[PDB]
Structures are given as C-alpha cells and as structure tokens.
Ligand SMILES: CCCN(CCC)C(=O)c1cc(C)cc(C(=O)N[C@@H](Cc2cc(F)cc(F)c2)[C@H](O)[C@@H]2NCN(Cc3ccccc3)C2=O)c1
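A single chain comes next, written as structure tokens; it is the form deposited without the named molecule.
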C-alpha cells in the first residue's frame, strides 16, 4: 500500500495527523489519529488556533442529527453538534463513506495553539463513543460501507516534525522487520490488552500482574506517554532510578514536574534501563515481550527531555512512547493487536527495540481486572 506510506505528519508532542476530506465538494482537514477515543470530531467555527474548519453550509451532503455532545476532560473539553457527511482519506483507501461527524462549536484546552490539525479521528470502539455507543465510530462505518478489511496499522516514526504511516485495511510488510506477535484485545471499547510481566533491564517488578492492568491497559496513539497505575508506576520508577543510579536527578523530574537537560549530544542513554512489557500471547500460557529504550520514554522537549512515564487512575496507557518503537497492527477482525520491530524506530548501535517470543507465562488471566 505504497500510497499510504508516510501519510502521517505532526509536531513533537502534538500528536500524529492524517489528511481527510469532509463534505461535498470535499473540504480538506488534518485530523489527529487517536486510538484512545471513538468520536470523529472536527472544528467547525473560526477558533483563533485553527488553520481551517468544517463549513457545513458549503456541503450538499451534510445532514443534521439535531443532537449535541459535550465531552469534558480533566481540565478542557469540546462540545459540538452531531451530523453525518461524506468522508474520505486522500492517502488511504479509494473510497468515500457517510460517517457521523461532531461539528465542534466550542472547546477549551482541546485545540493546540500552533498545531496543524483541526479535528480528531477516534479509532476505538462504540462502547466509549459520546454521547453513547449508538454513535457509530468512523472505522465501523468505513468497514460496514465498503470492502476495506476490518484492520488498520500504524507506524509512528517520531522524527520537531514527525512522520509515520497509517495503513488502512491492511499491513505493509516493508514497515517492519522480523515477525509480528499478537496480543488479544480483551474487550472492545478502548484497545485493551493485558500486560503479564514487566521487566526493567531484564529484572522484573514481581508485582501481582493484576496491578499492571488496573483497571485497564490500552494502546493509544493519542497519548504521548506510557501511563501506569500509581502502584505500578511507583515500583517502575523505583527500579529505573536504581538502574540509572549512576547519575542523580530531582524527584520532580520523575514526576514530570520539571525537565532534565544535557549538553550537546551528551545524553547518557546507556545509564537508563530498557523497559520490557510482556503481553498476553495468542495461546494458553504463551506470551511475548516488546522492549523499548530510553529513546522512547526520554524524549526531547541544551538537550532537555521529559520523563515520558507517568501515573494514572484509568489504568495503563501505551502511548507514543511504546508505539514509536513498533509497527502496530490493530487487527479488529481477529480481535488482536500485533507488534513487530518498526523499520523506522530510533536506536543506538548498542541496544535496539525488539519483539521476542514465545515465552511461558502462567496465570495470565489473573492479570486481567474485572
């Protein structure tokens, strides 16, 4: 699918977006690819931060649903008017579908000043769509209305400008090396998965794996960091702090309350441990592990970086920190997510991200939270 290669762009920390068109004639917009939500929402008014916006008055195929939607966040939020219209992805499958579209008429802390995107494409399932699971997510409409396979894959390459590929309806084997390894999608709402073991430099935290997924563990392209439950994060950092004991860093650093800087290319990468997450495999008692480097959780912001690992109350969230090291296949058809070493991931000549298996892991089910 050469046509779809390199169809993602963005700026460090501002997420990855793909070009899309909405309405008739087609109105072009850059839309954030978010596997962590399920609403297709686009700016529809002249907010100062927006390069452009959806103008419903110019679309002959626009249809009003006469319903509003308010989506609150920890601080900001977005609110819009629901409708449907014809949507297409220029550098994606050659098709056009009628999908729900929330026209954003008011928001706070949603749009980013200086960013180049005007909307968000929630690729998750209806269960978490707003206002409720009755609002059919875009991908569902795309598959239901066309012959596009129920699957998509993401290769986030993270470089201030970033790039990547979203292969819609398939897999592009040139984007990865080695074999793809699959972990089951526990439940179809967020792209939930189960982490069965966690290793730092090869030594595991030996913590009731159930904690690792309290109350969730998800794969989300819309989040920059690797979010971990408090308990897991506490021990996580504890081990990383011990591995990197070579140098001393402030407590704020580990809490993302302050940045850490190093002179021109003087970052002590080797001082930091690799993080290995073992994921539930496809077979009983079988697992595999994906391993990332500081290159992923120690990202640039001298050279100042922010610890890309943080705590959560919503569970584990495998964001760009994890994804930028692998080619990730969202195999909706088979309810599984595949990981393979990405052909574009950044690595030093000493350590490289990897996906290895099979491994024997017992009681993987006790890792899932109910």
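Think of the rigid core as the biggest set of C-alphas that the two forms share within 1.5 Å after superposition. Residue numbers count along the first chain shown, from 1.
Keep in mind that the form solved in complex with the named molecule is not shown, yet the notes after this line are about it.
Candidate spot 32, 120 and 220, all three touching the named molecule in the deposited complex (heavy atom, 4.5 Å):
Result yes, every residue of the spot touches the named molecule.
One stretch from 205-213, 279-287, 120-128, 180-188 that, in the deposited complex, holds residues within 4.5 Å of the named molecule by heavy atom
Only one stretch passes the 4.5 Å heavy-atom test: 120-128.
May I ask you to check whether residue 230 falls inside a 4.5 Å heavy atom distance of the named molecule in the deposited complex?
So residue 230 does not count as contacting the named molecule.
With the cut-off set at 4.5 Å between non-hydrogen atoms, does residue 249 touch the named molecule in the deposited complex?
Result no; residue 249 lies far from the named molecule in the deposited complex.
Quick check on residue 109: any heavy atom within 4.5 Å of the named molecule in the deposited complex?
So residue 109 counts as contacting the named molecule.
Tell me, yes or no, whether residue 13 is in contact with the named molecule in the deposited complex, where a contact means a heavy atom of each within 4.5 Å.
Heavy-atom contact with the named molecule at 4.5 Å: present for residue 13.
Among 100, 153, 224, 295, which has at least one heavy atom within 4.5 Å of the named molecule in the deposited complex?
Of the listed residues, the single hit is 224.
Can you tell which residue in 90, 76, 202, 178 has its CA shifted by 2 Å or more between this form and the one not shown when the core is superposed?
The one that shifts is 76.
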